[PDB]
$ cat run_5.csv   # CSV, C-alpha atoms and all ligand atoms
chain,number,residue,atom,x,y,z
A,1,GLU,CA,16.7,101.3,55.9
A,2,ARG,CA,17.8,103.0,59.2
A,3,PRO,CA,18.0,100.5,62.1
A,4,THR,CA,16.4,101.3,65.4
A,5,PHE,CA,19.1,102.9,67.5
A,6,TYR,CA,19.3,103.2,71.3
A,7,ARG,CA,21.2,105.6,73.5
A,8,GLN,CA,22.6,104.6,76.8
A,9,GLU,CA,25.2,106.3,78.9
A,10,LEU,CA,28.6,104.5,79.2
A,11,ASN,CA,31.0,106.3,81.6
A,12,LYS,CA,30.1,110.0,81.4
A,13,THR,CA,29.3,109.7,77.7
A,14,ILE,CA,26.2,109.1,75.5
A,15,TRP,CA,26.2,106.2,73.0
A,16,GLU,CA,23.5,105.8,70.5
A,17,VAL,CA,24.0,102.6,68.5
A,18,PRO,CA,21.8,100.4,66.3
A,19,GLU,CA,20.3,97.6,68.3
A,20,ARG,CA,22.4,94.9,66.5
A,21,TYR,CA,25.2,95.9,68.8
A,22,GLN,CA,24.6,94.5,72.3
A,23,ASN,CA,26.5,94.6,75.5
A,24,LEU,CA,28.7,97.7,75.0
A,25,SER,CA,31.6,97.4,77.4
A,26,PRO,CA,34.3,100.0,77.8
A,27,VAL,CA,38.0,99.2,77.3
A,28,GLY,CA,39.2,102.8,77.4
A,29,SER,CA,37.1,105.7,72.9
A,30,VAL,CA,36.1,102.1,72.7
A,31,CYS,CA,33.5,99.6,73.8
A,32,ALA,CA,33.4,95.9,73.2
A,33,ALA,CA,30.2,94.4,72.0
A,34,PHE,CA,28.4,91.5,70.5
A,35,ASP,CA,26.9,91.9,67.0
A,36,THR,CA,23.7,90.0,66.7
A,37,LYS,CA,23.5,90.3,62.8
A,38,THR,CA,26.7,88.2,62.5
A,39,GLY,CA,27.4,86.9,66.0
A,40,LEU,CA,30.9,88.1,66.2
A,41,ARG,CA,32.5,90.1,68.9
A,42,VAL,CA,33.3,93.7,67.7
A,43,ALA,CA,34.9,96.8,68.9
A,44,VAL,CA,33.0,100.1,68.6
A,45,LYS,CA,35.0,103.4,68.6
A,46,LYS,CA,33.1,106.6,69.1
A,47,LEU,CA,35.3,109.4,67.8
A,48,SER,CA,36.0,112.1,70.4
A,49,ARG,CA,34.5,115.5,69.4
A,50,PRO,CA,34.9,115.4,65.6
A,51,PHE,CA,34.2,118.6,63.8
A,52,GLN,CA,35.2,120.6,66.8
A,53,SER,CA,37.8,122.6,64.8
A,54,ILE,CA,38.9,122.9,61.2
A,55,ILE,CA,41.7,120.4,62.1
A,56,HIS,CA,39.6,117.8,63.9
A,57,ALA,CA,37.2,117.9,60.9
A,58,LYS,CA,40.2,117.3,58.6
A,59,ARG,CA,41.5,114.6,61.0
A,60,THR,CA,38.2,112.8,60.9
A,61,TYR,CA,37.7,112.7,57.2
A,62,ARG,CA,41.2,111.4,56.9
A,63,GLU,CA,40.9,108.5,59.3
A,64,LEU,CA,37.7,107.4,57.8
A,65,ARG,CA,39.0,107.5,54.3
A,66,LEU,CA,42.0,105.4,55.3
A,67,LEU,CA,39.9,102.8,57.0
A,68,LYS,CA,37.5,102.6,54.1
A,69,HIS,CA,40.5,102.1,51.9
A,70,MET,CA,42.6,99.5,53.8
A,71,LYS,CA,41.8,96.0,52.4
A,72,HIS,CA,44.7,93.7,53.5
A,73,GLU,CA,44.7,90.5,55.6
A,74,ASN,CA,47.2,92.0,58.1
A,75,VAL,CA,45.4,95.4,58.5
A,76,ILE,CA,42.2,95.9,60.3
A,77,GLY,CA,39.1,96.5,58.3
A,78,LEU,CA,36.1,98.8,58.9
A,79,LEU,CA,33.1,96.5,59.5
A,80,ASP,CA,30.8,99.4,60.0
A,81,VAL,CA,30.6,103.1,60.3
A,82,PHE,CA,27.5,104.9,61.5
A,83,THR,CA,25.9,107.9,63.0
A,84,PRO,CA,22.6,108.4,65.0
A,85,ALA,CA,21.9,111.5,62.8
A,86,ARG,CA,19.1,111.4,60.3
A,87,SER,CA,20.6,114.2,58.1
A,88,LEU,CA,23.7,116.4,57.5
A,89,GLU,CA,22.5,119.2,59.8
A,90,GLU,CA,22.0,117.2,63.0
A,91,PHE,CA,25.1,115.1,62.0
A,92,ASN,CA,27.7,115.4,64.8
A,93,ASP,CA,28.9,112.0,66.1
A,94,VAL,CA,30.8,109.2,64.4
A,95,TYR,CA,31.2,105.6,65.3
A,96,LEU,CA,33.5,103.0,63.8
A,97,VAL,CA,33.1,99.2,64.0
A,98,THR,CA,35.8,96.6,63.6
A,99,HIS,CA,36.3,92.9,64.5
A,100,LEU,CA,37.5,92.0,68.0
A,101,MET,CA,40.2,89.4,67.6
A,102,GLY,CA,40.8,87.5,70.8
A,103,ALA,CA,44.2,88.6,71.8
A,104,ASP,CA,47.2,91.0,71.0
A,105,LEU,CA,50.9,91.1,71.3
A,106,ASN,CA,50.5,93.2,74.3
A,107,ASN,CA,49.1,90.3,76.4
A,108,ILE,CA,50.4,87.1,74.7
A,109,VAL,CA,53.9,88.3,75.6
A,110,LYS,CA,53.2,89.0,79.3
A,111,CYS,CA,52.3,85.3,79.6
A,112,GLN,CA,54.0,83.1,77.0
A,113,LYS,CA,57.6,82.7,76.1
A,114,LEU,CA,57.9,83.0,72.3
A,115,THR,CA,60.3,80.7,70.5
A,116,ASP,CA,61.9,81.9,67.4
A,117,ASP,CA,59.6,80.4,64.9
A,118,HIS,CA,56.7,82.2,66.6
A,119,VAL,CA,58.6,85.5,66.3
A,120,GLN,CA,59.4,84.9,62.6
A,121,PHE,CA,55.8,84.3,61.6
A,122,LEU,CA,54.6,87.3,63.7
A,123,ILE,CA,57.1,89.8,62.6
A,124,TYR,CA,56.8,88.8,59.0
A,125,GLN,CA,53.0,89.3,59.3
A,126,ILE,CA,53.5,92.8,60.8
A,127,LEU,CA,56.0,93.6,58.1
A,128,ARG,CA,53.8,92.4,55.4
A,129,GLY,CA,50.9,94.8,56.2
A,130,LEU,CA,53.5,97.6,56.6
A,131,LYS,CA,54.5,97.0,53.1
A,132,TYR,CA,50.8,97.4,52.3
A,133,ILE,CA,50.3,100.6,54.4
A,134,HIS,CA,53.6,102.2,53.1
A,135,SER,CA,52.6,101.7,49.5
A,136,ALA,CA,49.6,104.0,50.1
A,137,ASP,CA,52.2,106.6,51.3
A,138,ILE,CA,51.0,106.2,54.8
A,139,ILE,CA,53.0,106.3,58.0
A,140,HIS,CA,51.0,104.6,60.8
A,141,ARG,CA,52.8,106.3,63.7
A,142,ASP,CA,51.7,104.2,66.6
A,143,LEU,CA,53.1,100.7,66.2
A,144,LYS,CA,53.3,98.9,69.5
A,145,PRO,CA,52.2,95.5,71.0
A,146,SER,CA,48.6,96.3,72.1
A,147,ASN,CA,47.9,97.7,68.5
A,148,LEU,CA,48.7,94.3,67.1
A,149,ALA,CA,45.9,92.0,67.5
A,150,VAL,CA,46.3,88.3,67.1
A,151,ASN,CA,43.7,85.5,67.1
A,152,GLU,CA,43.4,81.7,67.6
A,153,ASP,CA,44.8,80.7,64.2
A,154,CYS,CA,47.7,83.1,65.0
A,155,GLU,CA,46.7,85.6,62.2
A,156,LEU,CA,47.9,89.1,62.9
A,157,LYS,CA,46.2,92.4,62.3
A,158,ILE,CA,47.6,95.9,62.8
A,159,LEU,CA,45.0,98.1,64.6
A,160,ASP,CA,45.0,101.8,65.2
A,161,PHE,CA,44.6,104.6,62.8
A,162,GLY,CA,44.1,108.2,63.7
A,163,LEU,CA,47.7,109.0,64.3
A,164,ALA,CA,48.3,107.9,60.7
A,165,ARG,CA,49.6,110.5,58.2
A,166,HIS,CA,50.5,110.8,54.5
A,167,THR,CA,54.4,111.0,54.1
A,168,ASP,CA,55.1,114.6,53.0
A,169,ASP,CA,53.0,116.1,55.7
A,170,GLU,CA,54.5,118.5,58.2
A,171,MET,CA,54.7,116.4,61.3
A,172,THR,CA,53.1,117.7,64.4
A,173,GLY,CA,54.0,116.2,67.8
A,174,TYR,CA,51.6,113.8,69.6
A,175,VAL,CA,50.4,111.7,72.6
A,176,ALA,CA,51.5,108.0,72.7
A,177,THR,CA,53.8,105.3,74.2
A,178,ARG,CA,57.3,106.6,73.8
A,179,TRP,CA,58.8,103.0,74.1
A,180,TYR,CA,58.4,102.0,70.5
A,181,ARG,CA,59.0,105.4,69.1
A,182,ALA,CA,61.8,106.6,66.7
A,183,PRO,CA,64.3,109.1,67.8
A,184,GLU,CA,63.5,111.5,65.0
A,185,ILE,CA,59.9,111.8,66.2
A,186,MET,CA,61.2,112.4,69.7
A,187,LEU,CA,63.2,115.3,68.4
A,188,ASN,CA,60.2,116.8,66.6
A,189,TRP,CA,61.6,116.6,63.0
A,190,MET,CA,58.9,118.5,61.0
A,191,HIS,CA,59.4,116.0,58.2
A,192,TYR,CA,60.1,112.3,58.6
A,193,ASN,CA,59.9,108.8,57.2
A,194,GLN,CA,58.0,105.6,56.8
A,195,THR,CA,61.1,104.0,58.4
A,196,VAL,CA,59.9,105.5,61.7
A,197,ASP,CA,57.6,102.4,61.8
A,198,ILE,CA,60.5,100.1,61.1
A,199,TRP,CA,62.1,101.5,64.3
A,200,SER,CA,58.9,100.2,66.1
A,201,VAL,CA,58.9,96.8,64.6
A,202,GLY,CA,62.6,96.7,65.7
A,203,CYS,CA,61.5,97.4,69.2
A,204,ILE,CA,58.5,95.2,69.2
A,205,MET,CA,60.5,92.4,67.7
A,206,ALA,CA,63.3,92.5,70.4
A,207,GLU,CA,60.5,92.5,73.1
A,208,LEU,CA,59.2,89.2,71.6
A,209,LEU,CA,62.7,87.6,71.8
A,210,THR,CA,63.8,88.7,75.2
A,211,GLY,CA,60.4,88.8,76.8
A,212,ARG,CA,61.2,92.4,78.0
A,213,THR,CA,60.7,96.0,76.9
A,214,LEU,CA,63.8,97.1,74.8
A,215,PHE,CA,63.8,100.7,75.9
A,216,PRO,CA,61.5,101.3,79.0
A,217,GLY,CA,62.0,105.0,79.5
A,218,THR,CA,60.1,107.1,82.0
A,219,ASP,CA,60.4,110.4,80.1
A,220,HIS,CA,62.0,111.6,76.8
A,221,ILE,CA,65.6,112.1,78.1
A,222,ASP,CA,65.5,108.9,79.9
A,223,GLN,CA,64.1,107.4,76.7
A,224,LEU,CA,66.9,109.0,74.7
A,225,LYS,CA,69.6,107.8,77.0
A,226,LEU,CA,68.4,104.2,77.0
A,227,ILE,CA,68.6,104.4,73.2
A,228,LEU,CA,72.1,105.6,73.1
A,229,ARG,CA,73.2,103.0,75.7
A,230,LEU,CA,72.5,100.5,72.9
A,231,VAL,CA,73.1,102.0,69.5
A,232,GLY,CA,75.8,104.4,70.7
A,233,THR,CA,76.2,108.1,70.3
A,234,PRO,CA,76.1,109.2,66.6
A,235,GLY,CA,78.8,111.0,64.5
A,236,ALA,CA,78.9,114.7,63.4
A,237,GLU,CA,76.5,114.4,60.4
A,238,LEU,CA,74.3,115.4,63.5
A,239,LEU,CA,74.3,119.0,62.3
A,240,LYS,CA,71.1,117.5,60.7
A,241,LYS,CA,69.0,118.1,63.8
A,242,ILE,CA,68.6,121.8,63.2
A,243,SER,CA,64.9,121.0,63.7
A,244,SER,CA,65.9,121.5,67.4
A,245,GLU,CA,69.0,123.6,68.1
A,246,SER,CA,68.1,123.3,71.8
A,247,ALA,CA,68.0,119.5,71.5
A,248,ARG,CA,71.2,119.4,69.4
A,249,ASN,CA,73.5,120.8,72.2
A,250,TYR,CA,71.8,118.5,74.8
A,251,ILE,CA,73.0,115.5,72.8
A,252,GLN,CA,76.4,116.9,72.2
A,253,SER,CA,76.4,117.5,76.0
A,254,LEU,CA,75.6,113.9,76.7
A,255,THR,CA,78.3,111.5,77.8
A,256,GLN,CA,79.9,109.5,75.0
A,257,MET,CA,78.4,106.1,74.4
A,258,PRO,CA,80.0,103.1,72.5
A,259,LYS,CA,77.9,101.1,70.2
A,260,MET,CA,77.1,97.6,71.7
A,261,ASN,CA,77.5,94.4,69.7
A,262,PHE,CA,74.0,93.1,69.3
A,263,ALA,CA,75.3,89.5,69.5
A,264,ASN,CA,76.5,90.2,73.1
A,265,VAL,CA,73.2,91.5,74.2
A,266,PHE,CA,70.7,89.0,72.6
A,267,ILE,CA,72.1,85.7,73.8
A,268,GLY,CA,70.6,82.7,72.2
A,269,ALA,CA,68.7,84.6,69.5
A,270,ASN,CA,69.0,83.3,66.0
A,271,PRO,CA,72.0,85.1,64.3
A,272,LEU,CA,69.6,85.9,61.4
A,273,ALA,CA,67.2,87.7,63.7
A,274,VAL,CA,70.0,89.7,65.5
A,275,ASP,CA,71.2,90.7,62.1
A,276,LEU,CA,67.8,91.9,61.1
A,277,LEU,CA,67.5,94.1,64.3
A,278,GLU,CA,70.9,95.6,63.6
A,279,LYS,CA,69.3,96.9,60.3
A,280,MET,CA,66.2,98.2,62.1
A,281,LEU,CA,67.8,99.9,65.0
A,282,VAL,CA,70.0,102.5,63.3
A,283,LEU,CA,69.4,106.1,64.3
A,284,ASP,CA,70.0,107.2,60.7
A,285,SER,CA,66.7,106.7,59.0
A,286,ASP,CA,68.4,106.9,55.6
A,287,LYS,CA,70.3,103.7,56.3
A,288,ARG,CA,67.3,102.0,58.0
A,289,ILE,CA,65.9,99.0,56.3
A,290,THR,CA,62.5,99.4,54.6
A,291,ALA,CA,59.5,97.0,55.1
A,292,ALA,CA,59.9,95.7,51.6
A,293,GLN,CA,63.7,95.1,51.8
A,294,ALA,CA,63.1,93.5,55.3
A,295,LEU,CA,60.5,91.1,53.8
A,296,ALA,CA,63.4,90.0,51.5
A,297,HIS,CA,65.7,89.4,54.5
A,298,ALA,CA,66.7,85.7,55.0
A,299,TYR,CA,65.2,85.5,58.4
A,300,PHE,CA,61.8,85.2,56.7
A,301,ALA,CA,62.9,82.5,54.1
A,302,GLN,CA,60.3,80.1,55.4
A,303,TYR,CA,57.5,82.6,54.9
A,304,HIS,CA,58.6,85.0,52.1
A,305,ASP,CA,56.5,84.9,49.0
A,306,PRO,CA,56.3,88.2,47.0
A,307,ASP,CA,53.2,87.3,45.1
A,308,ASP,CA,51.2,87.2,48.3
A,309,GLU,CA,52.8,90.3,49.6
A,310,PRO,CA,50.6,92.8,47.8
A,311,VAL,CA,50.6,96.5,47.3
A,312,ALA,CA,47.7,99.0,47.9
A,313,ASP,CA,45.5,100.7,45.3
A,314,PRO,CA,45.3,104.0,43.4
A,315,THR,CA,44.0,106.6,45.8
A,316,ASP,CA,43.3,110.3,46.0
A,317,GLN,CA,45.2,112.1,48.7
A,318,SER,CA,44.3,115.4,46.9
A,319,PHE,CA,42.3,116.7,49.8
A,320,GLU,CA,45.4,116.7,52.0
A,321,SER,CA,46.3,120.0,50.4
A,322,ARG,CA,42.9,121.6,50.6
A,323,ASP,CA,41.8,124.4,52.9
A,324,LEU,CA,38.0,124.1,53.6
A,325,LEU,CA,35.9,125.4,56.6
A,326,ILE,CA,34.6,123.0,59.2
A,327,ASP,CA,31.3,122.7,57.4
A,328,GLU,CA,33.0,121.5,54.2
A,329,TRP,CA,35.0,118.8,56.0
A,330,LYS,CA,31.7,118.0,57.7
A,331,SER,CA,29.8,117.3,54.5
A,332,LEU,CA,32.7,115.5,52.8
A,333,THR,CA,32.7,113.2,55.8
A,334,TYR,CA,29.0,112.8,56.0
A,335,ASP,CA,29.0,111.6,52.4
A,336,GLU,CA,31.5,108.9,53.1
A,337,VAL,CA,29.4,107.5,55.9
A,338,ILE,CA,26.4,107.4,53.5
A,339,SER,CA,28.6,105.9,50.7
A,340,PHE,CA,30.0,103.2,53.0
A,341,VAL,CA,29.7,99.8,51.5
A,342,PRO,CA,29.9,97.0,54.1
A,343,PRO,CA,31.9,93.8,53.4
A,344,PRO,CA,30.2,90.3,53.1
B,1,LIG,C1,69.8,110.0,69.6
B,1,LIG,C2,70.0,111.1,68.5
B,1,LIG,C3,68.9,111.0,67.3
B,1,LIG,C4,69.5,110.8,66.0
B,1,LIG,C5,68.8,111.6,64.8
B,1,LIG,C6,67.9,110.8,63.9
B,1,LIG,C7,68.4,110.5,62.5
B,1,LIG,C8,67.3,110.1,61.6
B,1,LIG,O1,67.6,110.3,60.2
B,1,LIG,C9,67.3,111.6,59.7
B,1,LIG,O2,65.9,111.6,59.6
B,1,LIG,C10,65.4,112.5,58.6
B,1,LIG,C11,63.9,112.3,58.3
B,1,LIG,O3,63.3,111.0,58.6
B,1,LIG,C12,66.2,112.6,57.4
B,1,LIG,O4,65.6,113.5,56.5
B,1,LIG,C13,67.5,112.8,57.7
B,1,LIG,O5,68.3,113.0,56.4
B,1,LIG,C14,68.0,111.7,58.4
B,1,LIG,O6,69.4,111.8,58.6

$ encode --input "run_5.csv" --output "structure tokens" --more "lines below"
Ligand SMILES: CCCCCCCCO[C@@H]1O[C@H](CO)[C@@H](O)[C@H](O)[C@H]1O
Amino acid sequence: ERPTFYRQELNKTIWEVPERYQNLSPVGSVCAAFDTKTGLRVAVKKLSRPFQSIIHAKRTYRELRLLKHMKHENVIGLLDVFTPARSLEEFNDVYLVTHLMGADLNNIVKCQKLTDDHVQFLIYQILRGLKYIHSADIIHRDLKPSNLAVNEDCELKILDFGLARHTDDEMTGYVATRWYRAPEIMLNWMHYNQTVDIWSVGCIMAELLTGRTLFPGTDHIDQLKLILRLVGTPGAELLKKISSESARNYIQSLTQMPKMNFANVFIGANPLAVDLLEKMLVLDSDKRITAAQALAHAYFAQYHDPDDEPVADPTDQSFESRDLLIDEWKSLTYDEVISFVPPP
């Protein structure tokens, strides 16, 4: 039942995998490989020190559950999950396997100029799995071009969980590309929205059009200025940001910025597209368009079909509000790796 494994050291780390995964090849933690069982290129992720603390433990279970759960054409699926371990007691390492696509937004945009019809199809596809993720009450907090895989037939898959949270979860502060990232995150709001992801799409989508990075900061205040240079300084409602009363006075100290007309910035863009961005790049997350409503936006006329824009299933997030020791999280997790059912 248990395949022969084999350990080999890749870049200061050990990697014990079953022998159906050949030619492990680091990308950055991830290797690329070739799966003999099926003959597809895959990506293996070894989780970094799971079960190191009560919070990593929790972190690991959560990720795994989510991946097990995602079953949508525009969201990546778990091909395999495994561990070298032969029982719960030696159990300490976790590997996830997924399909390697061929390309991603990151690199197709460095080298091809995308026409509008391209953009439509791609953004709609992104939006369409966001509608799927957000139905499970999940904010994937790391939308960005390299986490958006595309393949030859131009299908799109959203890629990276781990930073994903359930919505009413006290938000924590984290490591990632600041370019695609909502203001409210950058101000460390303890609570925040699924519309944070809409901000990203907004940014990702303007990059497709123009060829360039919308807001290419170099640190947070540079990031925050670049943003204001476009959407303009906000009104007094602003009291809202108590979350950071040291950040509040640093915005009120900032020079006063007029809101730019998007149609004067995005020359040659479809007016429908520019309209849609104007509804994505508002600093007030209350007035920011949802994935669902955005799917209804006329820009997507050509592709919009509700009945193939499905919602996700009944789940138990129950655990989110549990306090267990490491060893509890450990077992819960182990069981899930055992109970894994692999797609055909
Ligand atoms: C450049 C200055 C940053 C502007 C502040 C961000 C406004 C986002 O919106 C805020 O987000 C919160 C949670 O998502 C909501 O609870 C607030 O009611 C809402 O106003």

$ closest_atom_pairs --input "run_5.csv" --of "range 151-205 of chain A" --to "range 106-113 of chain A" --cutoff "12 Å" --atoms "only C-alpha atoms" --output "JSON lines"
{"residue": "A:151", "atom": "CA", "partner": "A:108", "partner_atom": "CA", "distance": 10.3}
{"residue": "A:152", "atom": "CA", "partner": "A:108", "partner_atom": "CA", "distance": 11.3}
{"residue": "A:154", "atom": "CA", "partner": "A:108", "partner_atom": "CA", "distance": 10.8}
{"residue": "A:204", "atom": "CA", "partner": "A:106", "partner_atom": "CA", "distance": 9.7}
{"residue": "A:205", "atom": "CA", "partner": "A:109", "partner_atom": "CA", "distance": 11.1}

$ closest_residue --input "run_5.csv" --among "A:326, A:175, A:294, A:337" --to "residue 52 in chain A" --atoms "all atoms listed in the file"
A:326

$ closest_residue --input "run_5.csv" --among "A:209, A:190, A:226, A:274" --to "residue 172 in chain A" --atoms "only C-alpha atoms"
A:190

$ residues_around --input "run_5.csv" --residues "range 191-201 of chain A" --least-positions-apart "6" --cutoff "7 Å" --atoms "only C-alpha atoms" --output "PyMOL selection string"
chain A and resi 134+139+141+143-144+167-171+180-182+280-281+285+288+290-291

$ atom_distance --input "run_5.csv" --atom1 "CA of residue 117 in chain A" --atom2 "CA of residue 101 in chain A"
21.6 Å

$ residues_near_ligand --input "run_5.csv" --ligand "ligand LIG 1 (chain B)" --cutoff "9 Å" --atoms "only C-alpha atoms and all ligand atoms" --output "ChimeraX atom specification"
/A:182-187,189-196,224-225,227-228,231-234,237-238,240-241,248,251,282-288

$ atom_distance --input "run_5.csv" --atom1 "CA of residue 40 in chain A" --atom2 "CA of residue 1 in chain A"
22.0 Å

$ residues_around --input "run_5.csv" --residues "range 64-70 of chain A" --least-positions-apart "2" --cutoff "10 Å" --atoms "all atoms listed in the file" --output "short mmCIF file (atom, residue, chain, number, x, y, z; two decimals) with C-alpha atoms, keeping the file's coordinate frame"
data_model
loop_
_atom_site.label_atom_id
_atom_site.label_comp_id
_atom_site.auth_asym_id
_atom_site.auth_seq_id
_atom_site.Cartn_x
_atom_site.Cartn_y
_atom_site.Cartn_z
CA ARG A 59 41.50 114.60 61.00
CA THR A 60 38.20 112.80 60.90
CA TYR A 61 37.70 112.70 57.20
CA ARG A 62 41.20 111.40 56.90
CA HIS A 72 44.70 93.70 53.50
CA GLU A 73 44.70 90.50 55.60
CA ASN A 74 47.20 92.00 58.10
CA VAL A 75 45.40 95.40 58.50
CA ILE A 76 42.20 95.90 60.30
CA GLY A 77 39.10 96.50 58.30
CA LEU A 78 36.10 98.80 58.90
CA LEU A 79 33.10 96.50 59.50
CA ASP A 80 30.80 99.40 60.00
CA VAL A 81 30.60 103.10 60.30
CA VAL A 94 30.80 109.20 64.40
CA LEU A 96 33.50 103.00 63.80
CA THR A 98 35.80 96.60 63.60
CA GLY A 129 50.90 94.80 56.20
CA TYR A 132 50.80 97.40 52.30
CA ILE A 133 50.30 100.60 54.40
CA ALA A 136 49.60 104.00 50.10
CA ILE A 138 51.00 106.20 54.80
CA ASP A 160 45.00 101.80 65.20
CA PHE A 161 44.60 104.60 62.80
CA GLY A 162 44.10 108.20 63.70
CA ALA A 164 48.30 107.90 60.70
CA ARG A 165 49.60 110.50 58.20
CA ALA A 312 47.70 99.00 47.90
CA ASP A 313 45.50 100.70 45.30
CA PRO A 314 45.30 104.00 43.40
CA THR A 315 44.00 106.60 45.80
CA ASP A 316 43.30 110.30 46.00
CA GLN A 317 45.20 112.10 48.70
CA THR A 333 32.70 113.20 55.80
CA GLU A 336 31.50 108.90 53.10
CA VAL A 337 29.40 107.50 55.90
CA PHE A 340 30.00 103.20 53.00
CA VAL A 341 29.70 99.80 51.50
CA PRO A 342 29.90 97.00 54.10
#

$ atom_distance --input "run_5.csv" --atom1 "CA of residue 24 in chain A" --atom2 "CA of residue 45 in chain A"
10.6 Å

$ closest_residue --input "run_5.csv" --among "A:128, A:46, A:58, A:322" --to "residue 93 in chain A" --atoms "only C-alpha atoms"
A:46

$ residues_around --input "run_5.csv" --residues "range 298-311 of chain A" --least-positions-apart "4" --cutoff "8 Å" --atoms "only C-alpha atoms" --output "PyMOL selection string"
chain A and resi 120-121+124+128+131-132+135+272-273+276

$ residues_around --input "run_5.csv" --residues "range 15-18 of chain A" --least-positions-apart "2" --cutoff "8 Å" --atoms "all atoms listed in the file" --output "list in words"
residues 3, 4, 5, 6, 7, 8, 9, 10, 13, 20, 21, 46, 83 and 84 of chain A

$ decode --input "run_5.csv" --residues "range 76-94 of chain A" --atoms "N, CA and C atoms" --output "compact mmCIF listing (two decimals), in the first residue's frame"
# COMPACT_ATOMS: atom_id res chain seq x y z
N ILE A 76 -6.68 25.68 -8.06
CA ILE A 76 -5.79 24.53 -8.09
C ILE A 76 -6.35 23.43 -7.21
N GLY A 77 -6.13 22.20 -7.64
CA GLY A 77 -6.47 21.05 -6.83
C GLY A 77 -5.29 20.23 -6.32
N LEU A 78 -5.47 19.71 -5.12
CA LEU A 78 -4.52 18.79 -4.53
C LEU A 78 -4.49 17.46 -5.31
N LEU A 79 -3.37 17.17 -5.95
CA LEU A 79 -3.20 15.90 -6.64
C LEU A 79 -2.87 14.81 -5.64
N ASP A 80 -1.94 15.13 -4.77
CA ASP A 80 -1.52 14.22 -3.74
C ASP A 80 -1.06 14.95 -2.49
N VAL A 81 -1.11 14.25 -1.38
CA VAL A 81 -0.53 14.72 -0.15
C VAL A 81 0.05 13.48 0.52
N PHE A 82 1.26 13.60 1.02
CA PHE A 82 1.89 12.43 1.59
C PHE A 82 2.87 12.78 2.69
N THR A 83 3.27 11.73 3.41
CA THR A 83 4.39 11.81 4.36
C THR A 83 5.23 10.52 4.36
N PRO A 84 6.55 10.67 4.48
CA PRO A 84 7.43 9.51 4.66
C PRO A 84 6.98 8.60 5.82
N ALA A 85 6.47 9.20 6.88
CA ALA A 85 6.18 8.53 8.14
C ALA A 85 5.27 7.29 8.04
N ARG A 86 5.55 6.30 8.88
CA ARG A 86 4.81 5.05 8.83
C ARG A 86 3.80 4.95 9.99
N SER A 87 3.64 6.06 10.72
CA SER A 87 2.69 6.15 11.83
C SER A 87 2.60 7.58 12.34
N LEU A 88 1.71 7.79 13.30
CA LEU A 88 1.44 9.13 13.85
C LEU A 88 2.57 9.69 14.71
N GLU A 89 3.39 8.79 15.26
CA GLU A 89 4.41 9.14 16.24
C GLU A 89 5.70 9.63 15.58
N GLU A 90 6.03 9.06 14.43
CA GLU A 90 7.19 9.50 13.67
C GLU A 90 6.78 10.60 12.71
N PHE A 91 5.47 10.70 12.47
CA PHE A 91 4.87 11.74 11.63
C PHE A 91 5.37 13.16 11.90
N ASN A 92 6.06 13.78 10.94
CA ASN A 92 6.55 15.12 11.18
C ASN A 92 6.76 16.02 9.95
N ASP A 93 6.50 15.48 8.77
CA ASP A 93 6.79 16.20 7.54
C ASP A 93 5.65 16.06 6.55
N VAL A 94 5.34 17.12 5.81
CA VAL A 94 4.18 17.05 4.94
C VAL A 94 4.40 17.63 3.57
